[PDB]
$ cat work29.pdb   # PDB, C-alpha atoms
ATOM      1  CA  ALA A   1     112.591 122.298  89.028  1.00  0.00           C
ATOM      2  CA  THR A   2     112.213 120.897  92.501  1.00  0.00           C
ATOM      3  CA  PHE A   3     110.410 117.688  93.306  1.00  0.00           C
ATOM      4  CA  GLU A   4     109.826 116.955  96.987  1.00  0.00           C
ATOM      5  CA  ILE A   5     109.445 113.203  97.313  1.00  0.00           C
ATOM      6  CA  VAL A   6     107.578 112.269 100.503  1.00  0.00           C
ATOM      7  CA  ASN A   7     107.098 108.775 101.888  1.00  0.00           C
ATOM      8  CA  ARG A   8     103.838 108.670 103.877  1.00  0.00           C
ATOM      9  CA  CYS A   9     103.826 104.871 103.756  1.00  0.00           C
ATOM     10  CA  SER A  10     104.298 102.891 106.963  1.00  0.00           C
ATOM     11  CA  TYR A  11     107.161 101.030 105.246  1.00  0.00           C
ATOM     12  CA  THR A  12     110.484 102.229 103.874  1.00  0.00           C
ATOM     13  CA  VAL A  13     110.707 102.908 100.161  1.00  0.00           C
ATOM     14  CA  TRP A  14     113.704 103.664  97.970  1.00  0.00           C
ATOM     15  CA  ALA A  15     112.706 106.540  95.733  1.00  0.00           C
ATOM     16  CA  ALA A  16     114.049 106.543  92.175  1.00  0.00           C
ATOM     17  CA  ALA A  17     114.242 109.268  89.523  1.00  0.00           C
ATOM     18  CA  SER A  18     115.447 108.777  85.947  1.00  0.00           C
ATOM     19  CA  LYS A  19     114.824 109.834  82.350  1.00  0.00           C
ATOM     20  CA  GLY A  20     115.730 106.354  81.088  1.00  0.00           C
ATOM     21  CA  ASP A  21     119.268 107.038  79.901  1.00  0.00           C
ATOM     22  CA  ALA A  22     120.414 109.019  82.967  1.00  0.00           C
ATOM     23  CA  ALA A  23     119.673 109.673  86.616  1.00  0.00           C
ATOM     24  CA  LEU A  24     117.724 112.696  87.662  1.00  0.00           C
ATOM     25  CA  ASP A  25     119.612 114.290  90.585  1.00  0.00           C
ATOM     26  CA  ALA A  26     121.232 111.432  92.537  1.00  0.00           C
ATOM     27  CA  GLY A  27     118.834 108.960  90.916  1.00  0.00           C
ATOM     28  CA  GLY A  28     117.684 107.297  94.132  1.00  0.00           C
ATOM     29  CA  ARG A  29     117.646 107.409  97.922  1.00  0.00           C
ATOM     30  CA  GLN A  30     116.160 105.616 100.897  1.00  0.00           C
ATOM     31  CA  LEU A  31     113.008 107.158 102.414  1.00  0.00           C
ATOM     32  CA  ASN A  32     111.978 105.816 105.770  1.00  0.00           C
ATOM     33  CA  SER A  33     108.339 106.278 106.762  1.00  0.00           C
ATOM     34  CA  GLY A  34     107.680 110.006 106.960  1.00  0.00           C
ATOM     35  CA  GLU A  35     110.895 111.162 105.295  1.00  0.00           C
ATOM     36  CA  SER A  36     111.082 113.770 102.567  1.00  0.00           C
ATOM     37  CA  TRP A  37     113.800 114.064  99.911  1.00  0.00           C
ATOM     38  CA  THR A  38     113.933 117.038  97.579  1.00  0.00           C
ATOM     39  CA  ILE A  39     115.522 116.634  94.189  1.00  0.00           C
ATOM     40  CA  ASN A  40     116.390 119.034  91.418  1.00  0.00           C
ATOM     41  CA  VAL A  41     115.393 118.127  87.875  1.00  0.00           C
ATOM     42  CA  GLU A  42     116.900 120.087  84.989  1.00  0.00           C
ATOM     43  CA  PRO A  43     114.506 122.268  82.997  1.00  0.00           C
ATOM     44  CA  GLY A  44     113.583 120.687  79.690  1.00  0.00           C
ATOM     45  CA  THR A  45     113.702 117.131  81.021  1.00  0.00           C
ATOM     46  CA  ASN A  46     111.597 115.035  78.671  1.00  0.00           C
ATOM     47  CA  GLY A  47     110.236 111.665  79.685  1.00  0.00           C
ATOM     48  CA  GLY A  48     111.257 111.773  83.338  1.00  0.00           C
ATOM     49  CA  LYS A  49     109.858 109.320  85.851  1.00  0.00           C
ATOM     50  CA  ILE A  50     109.784 108.996  89.634  1.00  0.00           C
ATOM     51  CA  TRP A  51     108.808 105.779  91.363  1.00  0.00           C
ATOM     52  CA  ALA A  52     109.104 103.893  94.628  1.00  0.00           C
ATOM     53  CA  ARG A  53     111.059 100.690  95.117  1.00  0.00           C
ATOM     54  CA  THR A  54     110.250  98.229  97.837  1.00  0.00           C
ATOM     55  CA  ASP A  55     112.132  95.562  99.751  1.00  0.00           C
ATOM     56  CA  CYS A  56     115.600  96.676  98.794  1.00  0.00           C
ATOM     57  CA  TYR A  57     119.067  95.627  99.979  1.00  0.00           C
ATOM     58  CA  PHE A  58     122.167  97.615  99.048  1.00  0.00           C
ATOM     59  CA  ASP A  59     125.780  97.102  99.964  1.00  0.00           C
ATOM     60  CA  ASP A  60     128.171  99.915 100.920  1.00  0.00           C
ATOM     61  CA  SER A  61     128.871 100.664  97.244  1.00  0.00           C
ATOM     62  CA  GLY A  62     125.177 101.153  96.454  1.00  0.00           C
ATOM     63  CA  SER A  63     124.714  97.910  94.579  1.00  0.00           C
ATOM     64  CA  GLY A  64     122.019  95.425  95.403  1.00  0.00           C
ATOM     65  CA  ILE A  65     118.407  94.402  94.653  1.00  0.00           C
ATOM     66  CA  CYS A  66     114.812  95.514  95.149  1.00  0.00           C
ATOM     67  CA  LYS A  67     111.665  93.489  94.730  1.00  0.00           C
ATOM     68  CA  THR A  68     109.803  96.172  92.869  1.00  0.00           C
ATOM     69  CA  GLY A  69     111.258  98.892  90.674  1.00  0.00           C
ATOM     70  CA  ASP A  70     114.843  97.620  90.731  1.00  0.00           C
ATOM     71  CA  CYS A  71     116.977  99.668  88.293  1.00  0.00           C
ATOM     72  CA  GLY A  72     119.844  97.358  87.389  1.00  0.00           C
ATOM     73  CA  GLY A  73     120.673  96.782  91.027  1.00  0.00           C
ATOM     74  CA  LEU A  74     121.709 100.382  91.758  1.00  0.00           C
ATOM     75  CA  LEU A  75     120.674 102.539  94.710  1.00  0.00           C
ATOM     76  CA  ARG A  76     121.251 105.552  92.481  1.00  0.00           C
ATOM     77  CA  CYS A  77     119.148 104.762  89.421  1.00  0.00           C
ATOM     78  CA  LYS A  78     120.358 105.673  85.961  1.00  0.00           C
ATOM     79  CA  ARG A  79     117.687 103.637  84.109  1.00  0.00           C
ATOM     80  CA  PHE A  80     114.005 102.843  84.533  1.00  0.00           C
ATOM     81  CA  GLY A  81     112.810 100.310  87.048  1.00  0.00           C
ATOM     82  CA  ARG A  82     111.616  96.737  86.804  1.00  0.00           C
ATOM     83  CA  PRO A  83     107.800  96.389  86.884  1.00  0.00           C
ATOM     84  CA  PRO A  84     105.571  96.512  88.786  1.00  0.00           C
ATOM     85  CA  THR A  85     106.026 100.235  89.329  1.00  0.00           C
ATOM     86  CA  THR A  86     103.440 102.962  89.784  1.00  0.00           C
ATOM     87  CA  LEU A  87     104.908 105.831  87.725  1.00  0.00           C
ATOM     88  CA  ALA A  88     104.921 109.597  88.186  1.00  0.00           C
ATOM     89  CA  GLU A  89     105.739 110.805  84.669  1.00  0.00           C
ATOM     90  CA  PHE A  90     106.673 114.277  83.467  1.00  0.00           C
ATOM     91  CA  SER A  91     108.082 116.338  80.649  1.00  0.00           C
ATOM     92  CA  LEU A  92     109.124 119.853  81.612  1.00  0.00           C
ATOM     93  CA  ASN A  93     109.408 123.053  79.534  1.00  0.00           C
ATOM     94  CA  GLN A  94     107.884 121.551  76.414  1.00  0.00           C
ATOM     95  CA  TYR A  95     107.011 124.599  74.304  1.00  0.00           C
ATOM     96  CA  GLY A  96     106.395 126.648  77.456  1.00  0.00           C
ATOM     97  CA  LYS A  97     104.411 124.132  79.506  1.00  0.00           C
ATOM     98  CA  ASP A  98     104.982 121.147  81.761  1.00  0.00           C
ATOM     99  CA  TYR A  99     103.040 117.866  81.416  1.00  0.00           C
ATOM    100  CA  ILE A 100     102.438 115.413  84.242  1.00  0.00           C
ATOM    101  CA  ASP A 101     100.622 112.114  84.687  1.00  0.00           C
ATOM    102  CA  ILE A 102     100.481 108.913  86.681  1.00  0.00           C
ATOM    103  CA  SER A 103     100.691 105.632  84.813  1.00  0.00           C
ATOM    104  CA  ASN A 104      99.834 102.019  85.632  1.00  0.00           C
ATOM    105  CA  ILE A 105     101.082 100.823  82.210  1.00  0.00           C
ATOM    106  CA  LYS A 106     104.065  99.215  83.984  1.00  0.00           C
ATOM    107  CA  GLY A 107     101.927  97.949  86.836  1.00  0.00           C
ATOM    108  CA  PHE A 108     101.420  99.216  90.365  1.00  0.00           C
ATOM    109  CA  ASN A 109     103.476  98.768  93.521  1.00  0.00           C
ATOM    110  CA  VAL A 110     102.877 101.760  95.830  1.00  0.00           C
ATOM    111  CA  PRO A 111     100.036 104.304  95.842  1.00  0.00           C
ATOM    112  CA  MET A 112     100.979 107.786  94.725  1.00  0.00           C
ATOM    113  CA  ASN A 113      99.905 111.437  94.566  1.00  0.00           C
ATOM    114  CA  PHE A 114     101.720 113.688  92.070  1.00  0.00           C
ATOM    115  CA  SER A 115     100.839 117.337  92.550  1.00  0.00           C
ATOM    116  CA  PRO A 116     102.244 120.765  91.750  1.00  0.00           C
ATOM    117  CA  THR A 117     103.487 122.825  94.690  1.00  0.00           C
ATOM    118  CA  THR A 118     103.105 125.990  92.569  1.00  0.00           C
ATOM    119  CA  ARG A 119     100.034 127.562  90.934  1.00  0.00           C
ATOM    120  CA  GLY A 120      98.109 126.900  87.791  1.00  0.00           C
ATOM    121  CA  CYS A 121      97.117 123.224  87.582  1.00  0.00           C
ATOM    122  CA  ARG A 122      95.786 120.262  89.522  1.00  0.00           C
ATOM    123  CA  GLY A 123      97.472 117.120  90.772  1.00  0.00           C
ATOM    124  CA  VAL A 124      96.799 113.511  89.884  1.00  0.00           C
ATOM    125  CA  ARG A 125      96.442 110.548  92.225  1.00  0.00           C
ATOM    126  CA  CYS A 126      96.325 106.756  92.193  1.00  0.00           C
ATOM    127  CA  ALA A 127      95.811 105.752  95.787  1.00  0.00           C
ATOM    128  CA  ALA A 128      93.433 102.827  95.699  1.00  0.00           C
ATOM    129  CA  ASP A 129      94.440  99.406  97.028  1.00  0.00           C
ATOM    130  CA  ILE A 130      95.466  98.003  93.668  1.00  0.00           C
ATOM    131  CA  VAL A 131      97.810  95.422  95.188  1.00  0.00           C
ATOM    132  CA  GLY A 132      95.126  94.078  97.531  1.00  0.00           C
ATOM    133  CA  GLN A 133      92.501  93.949  94.769  1.00  0.00           C
ATOM    134  CA  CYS A 134      94.862  92.778  91.998  1.00  0.00           C
ATOM    135  CA  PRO A 135      93.511  90.073  89.661  1.00  0.00           C
ATOM    136  CA  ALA A 136      95.057  86.722  90.527  1.00  0.00           C
ATOM    137  CA  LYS A 137      96.810  86.376  87.155  1.00  0.00           C
ATOM    138  CA  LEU A 138      98.472  89.790  87.529  1.00  0.00           C
ATOM    139  CA  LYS A 139      99.774  89.346  91.095  1.00  0.00           C
ATOM    140  CA  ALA A 140     103.583  89.529  91.045  1.00  0.00           C
ATOM    141  CA  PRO A 141     105.019  86.876  93.380  1.00  0.00           C
ATOM    142  CA  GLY A 142     107.864  89.291  94.109  1.00  0.00           C
ATOM    143  CA  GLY A 143     105.303  91.916  95.221  1.00  0.00           C
ATOM    144  CA  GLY A 144     102.850  94.329  93.507  1.00  0.00           C
ATOM    145  CA  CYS A 145     100.332  94.076  90.660  1.00  0.00           C
ATOM    146  CA  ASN A 146     101.815  93.537  87.209  1.00  0.00           C
ATOM    147  CA  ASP A 147     100.443  95.058  84.050  1.00  0.00           C
ATOM    148  CA  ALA A 148      99.175  92.569  81.470  1.00  0.00           C
ATOM    149  CA  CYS A 149     101.959  93.341  78.979  1.00  0.00           C
ATOM    150  CA  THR A 150     104.566  92.260  81.525  1.00  0.00           C
ATOM    151  CA  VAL A 151     102.651  89.060  82.264  1.00  0.00           C
ATOM    152  CA  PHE A 152     101.478  87.930  78.805  1.00  0.00           C
ATOM    153  CA  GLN A 153     103.696  89.656  76.209  1.00  0.00           C
ATOM    154  CA  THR A 154     100.998  90.088  73.540  1.00  0.00           C
ATOM    155  CA  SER A 155     100.679  92.747  70.885  1.00  0.00           C
ATOM    156  CA  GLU A 156      97.283  93.654  72.319  1.00  0.00           C
ATOM    157  CA  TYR A 157      98.503  94.313  75.876  1.00  0.00           C
ATOM    158  CA  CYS A 158     101.805  95.851  74.865  1.00  0.00           C
ATOM    159  CA  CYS A 159     100.222  97.969  72.066  1.00  0.00           C
ATOM    160  CA  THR A 160     103.093  96.928  69.866  1.00  0.00           C
ATOM    161  CA  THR A 161     101.532  98.087  66.619  1.00  0.00           C
ATOM    162  CA  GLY A 162      99.942 101.215  68.045  1.00  0.00           C
ATOM    163  CA  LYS A 163      96.665  99.444  67.446  1.00  0.00           C
ATOM    164  CA  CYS A 164      95.318  98.213  70.922  1.00  0.00           C
ATOM    165  CA  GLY A 165      92.042  98.533  72.780  1.00  0.00           C
ATOM    166  CA  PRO A 166      91.173  98.419  76.467  1.00  0.00           C
ATOM    167  CA  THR A 167      91.189  94.964  78.007  1.00  0.00           C
ATOM    168  CA  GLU A 168      89.743  93.231  81.049  1.00  0.00           C
ATOM    169  CA  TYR A 169      93.104  93.844  82.749  1.00  0.00           C
ATOM    170  CA  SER A 170      93.435  97.504  81.769  1.00  0.00           C
ATOM    171  CA  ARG A 171      89.868  98.089  82.928  1.00  0.00           C
ATOM    172  CA  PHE A 172      90.796  96.808  86.415  1.00  0.00           C
ATOM    173  CA  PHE A 173      93.519  99.469  86.761  1.00  0.00           C
ATOM    174  CA  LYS A 174      91.190 102.090  85.299  1.00  0.00           C
ATOM    175  CA  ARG A 175      88.332 101.197  87.651  1.00  0.00           C
ATOM    176  CA  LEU A 176      90.587 101.461  90.704  1.00  0.00           C
ATOM    177  CA  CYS A 177      92.424 104.551  89.401  1.00  0.00           C
ATOM    178  CA  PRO A 178      90.506 106.541  86.802  1.00  0.00           C
ATOM    179  CA  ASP A 179      93.089 109.313  86.769  1.00  0.00           C
ATOM    180  CA  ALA A 180      96.051 107.151  85.738  1.00  0.00           C
ATOM    181  CA  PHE A 181      96.937 105.633  82.367  1.00  0.00           C
ATOM    182  CA  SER A 182      95.787 102.006  82.257  1.00  0.00           C
ATOM    183  CA  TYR A 183      97.099 101.017  78.815  1.00  0.00           C
ATOM    184  CA  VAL A 184      99.134 102.708  76.103  1.00  0.00           C
ATOM    185  CA  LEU A 185      96.197 104.175  74.148  1.00  0.00           C
ATOM    186  CA  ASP A 186      94.087 105.116  77.138  1.00  0.00           C
ATOM    187  CA  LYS A 187      92.237 108.408  76.941  1.00  0.00           C
ATOM    188  CA  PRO A 188      94.924 110.722  78.325  1.00  0.00           C
ATOM    189  CA  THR A 189      94.883 111.880  81.927  1.00  0.00           C
ATOM    190  CA  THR A 190      97.882 114.171  81.443  1.00  0.00           C
ATOM    191  CA  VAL A 191      97.704 117.535  83.168  1.00  0.00           C
ATOM    192  CA  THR A 192      99.157 120.682  81.637  1.00  0.00           C
ATOM    193  CA  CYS A 193     100.986 122.839  84.171  1.00  0.00           C
ATOM    194  CA  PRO A 194     102.769 126.159  83.755  1.00  0.00           C
ATOM    195  CA  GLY A 195     106.293 125.763  82.454  1.00  0.00           C
ATOM    196  CA  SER A 196     108.819 125.469  85.297  1.00  0.00           C
ATOM    197  CA  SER A 197     106.312 124.382  87.924  1.00  0.00           C
ATOM    198  CA  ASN A 198     107.551 122.568  91.048  1.00  0.00           C
ATOM    199  CA  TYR A 199     106.061 119.367  92.408  1.00  0.00           C
ATOM    200  CA  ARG A 200     105.561 116.933  95.243  1.00  0.00           C
ATOM    201  CA  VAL A 201     105.330 113.156  94.820  1.00  0.00           C
ATOM    202  CA  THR A 202     103.748 111.562  97.875  1.00  0.00           C
ATOM    203  CA  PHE A 203     103.820 107.785  98.384  1.00  0.00           C
ATOM    204  CA  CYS A 204     100.795 106.460 100.291  1.00  0.00           C
ATOM    205  CA  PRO A 205      98.973 109.788 100.291  1.00  0.00           C
ATOM    206  CA  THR A 206      95.893 108.372 102.026  1.00  0.00           C
TER     207      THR A 206
END

$ encode --input "work29.pdb" --output "structure tokens"
Amino acid sequence: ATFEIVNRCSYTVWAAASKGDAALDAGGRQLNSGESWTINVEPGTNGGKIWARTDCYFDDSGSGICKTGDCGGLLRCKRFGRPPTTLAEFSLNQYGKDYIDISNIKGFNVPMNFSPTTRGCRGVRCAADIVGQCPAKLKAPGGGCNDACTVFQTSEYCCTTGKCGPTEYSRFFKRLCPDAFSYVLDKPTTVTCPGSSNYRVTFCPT
């Protein structure tokens, strides 16, 4: 499957793509404002994620640091990124269908649209100014808006037992972005797409 990753932000981002135990395609790349990078994701990829990283520095070997979404200091991510990270999440060719969503469960750094480029389903978007409106206690000094699990490490926020409810913090993310997951047990906003659809992830869509 192809994923065109487009940076419409006025700032550079370093796109990242991983399924947690491996890179997807090269795993990461710099995207200056306006640039597009198309990756190939293997059919059947389960639990893939794409995200933006901000304020990165990498040496000539591709090792360094980012302020949001850092994946073990690598340009080419093999693992998931450090919160806060707005997440485009997908599982492809699962019993004939693809499943996509956006999640704020690991916080929010950059606004995102995640849409099919092929027929048969809708896209999802979280493009509100979550960083600007972020509750004071969730603001990450390194940049972005942390989720409450990251900040407070409670069973309730982290849904450790599989028994959590919505919270004042989750409701903030949900108010700003109704069509993204705000906590683990949120009413799903996953979209079913035809199996083997292709996609575009746009940072700063609006």

$ residues_around --input "work29.pdb" --residues "residue 114 (chain A)" --least-positions-apart "3" --cutoff "8 Å" --atoms "all atoms listed in the file" --output "PyMOL selection string"
chain A and resi 88+101-102+123-125+199-202

$ closest_residue --input "work29.pdb" --among "A:71, A:128, A:65, A:105" --to "residue 148 (chain A)" --atoms "all atoms listed in the file"
A:105

$ resolve_selection --input "work29.pdb" --expression "the PyMOL selection byres ((chain A and resi 158) around 10)" --output "ChimeraX atom specification"
/A:105-106,147-150,152-157,159-164,183-184

$ resolve_selection --input "work29.pdb" --expression "the PyMOL selection byres ((chain A and resi 118-122) around 7)" --output "VMD selection string"
chain A and resid 115 to 117 123 to 124 192 to 194 197 to 198

$ resolve_selection --input "work29.pdb" --expression "the PyMOL selection byres ((chain A and resi 46) around 10)" --output "MDAnalysis selection string"
chainID A and resid 19:20 42:45 47:49 89:94 98:99

$ atom_distance --input "work29.pdb" --atom1 "CA of residue 108 (chain A)" --atom2 "CA of residue 130 (chain A)"
6.9 Å

$ closest_residue --input "work29.pdb" --among "A:151, A:87, A:177, A:52" --to "residue 138 (chain A)" --atoms "all atoms listed in the file"
A:151

$ closest_atom_pairs --input "work29.pdb" --of "region 104-150 of chain A" --to "region 55-62 of chain A" --cutoff "12 Å" --atoms "all atoms listed in the file" --output "CSV"
residue,atom,partner,partner_atom,distance
A:109,CA,A:55,CA,11.1
A:110,CA,A:55,CA,11.8
A:142,CA,A:55,CA,9.5
A:143,CA,A:55,CA,9.0
A:144,CA,A:55,CA,11.3

$ closest_residue --input "work29.pdb" --among "A:38, A:23, A:111, A:169" --to "residue 10 (chain A)" --atoms "all atoms listed in the file"
A:111

$ atom_distance --input "work29.pdb" --atom1 "CA of residue 78 (chain A)" --atom2 "CA of residue 32 (chain A)"
21.5 Å

$ closest_residue --input "work29.pdb" --among "A:77, A:64, A:137, A:167" --to "residue 22 (chain A)" --atoms "only C-alpha atoms"
A:77

$ atom_distance --input "work29.pdb" --atom1 "CA of residue 129 (chain A)" --atom2 "CA of residue 172 (chain A)"
11.5 Å

$ closest_residue --input "work29.pdb" --among "A:113, A:133, A:18, A:2" --to "residue 41 (chain A)" --atoms "only C-alpha atoms"
A:2

$ decode --input "work29.pdb" --residues "region 18-31 of chain A" --atoms "N, CA, C and O atoms" --output "short mmCIF file (atom, residue, chain, number, x, y, z; two decimals), in the first residue's frame"
data_model
loop_
_atom_site.label_atom_id
_atom_site.label_comp_id
_atom_site.auth_asym_id
_atom_site.auth_seq_id
_atom_site.Cartn_x
_atom_site.Cartn_y
_atom_site.Cartn_z
N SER A 18 6.20 3.22 11.63
CA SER A 18 6.67 2.03 12.32
C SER A 18 5.47 1.16 12.66
O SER A 18 4.35 1.65 12.79
N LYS A 19 5.72 -0.13 12.87
CA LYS A 19 4.70 -1.01 13.48
C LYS A 19 5.12 -1.47 14.88
O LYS A 19 4.57 -2.42 15.42
N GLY A 20 6.09 -0.77 15.46
CA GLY A 20 6.44 -0.93 16.88
C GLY A 20 7.67 -1.78 17.10
O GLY A 20 8.47 -1.50 17.99
N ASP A 21 7.81 -2.81 16.27
CA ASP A 21 8.98 -3.70 16.32
C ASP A 21 9.78 -3.65 15.02
O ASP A 21 10.71 -4.45 14.84
N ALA A 22 9.44 -2.72 14.12
CA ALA A 22 10.12 -2.59 12.85
C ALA A 22 9.70 -1.28 12.21
O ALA A 22 8.59 -0.78 12.46
N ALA A 23 10.58 -0.75 11.37
CA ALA A 23 10.26 0.36 10.49
C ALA A 23 9.23 -0.07 9.47
O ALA A 23 9.17 -1.23 9.05
N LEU A 24 8.44 0.90 9.02
CA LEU A 24 7.71 0.76 7.77
C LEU A 24 8.47 1.57 6.72
O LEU A 24 8.78 2.73 6.94
N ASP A 25 8.79 0.94 5.59
CA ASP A 25 9.62 1.59 4.56
C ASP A 25 10.92 2.01 5.27
O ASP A 25 11.44 1.25 6.10
N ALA A 26 11.42 3.20 4.98
CA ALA A 26 12.66 3.66 5.59
C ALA A 26 12.50 4.01 7.07
O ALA A 26 13.49 4.16 7.78
N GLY A 27 11.25 4.15 7.53
CA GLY A 27 11.00 4.45 8.92
C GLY A 27 10.93 5.92 9.27
O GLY A 27 10.28 6.29 10.25
N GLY A 28 11.60 6.79 8.51
CA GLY A 28 11.51 8.21 8.78
C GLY A 28 12.25 9.01 7.73
O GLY A 28 13.13 8.49 7.04
N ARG A 29 11.89 10.29 7.63
CA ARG A 29 12.51 11.20 6.67
C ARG A 29 12.13 12.62 7.03
O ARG A 29 11.03 12.88 7.52
N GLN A 30 13.02 13.56 6.72
CA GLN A 30 12.70 14.97 6.82
C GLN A 30 11.71 15.41 5.75
O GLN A 30 11.87 15.05 4.58
N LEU A 31 10.75 16.23 6.16
CA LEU A 31 9.77 16.89 5.29
C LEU A 31 9.80 18.37 5.57
O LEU A 31 9.26 18.84 6.58
#
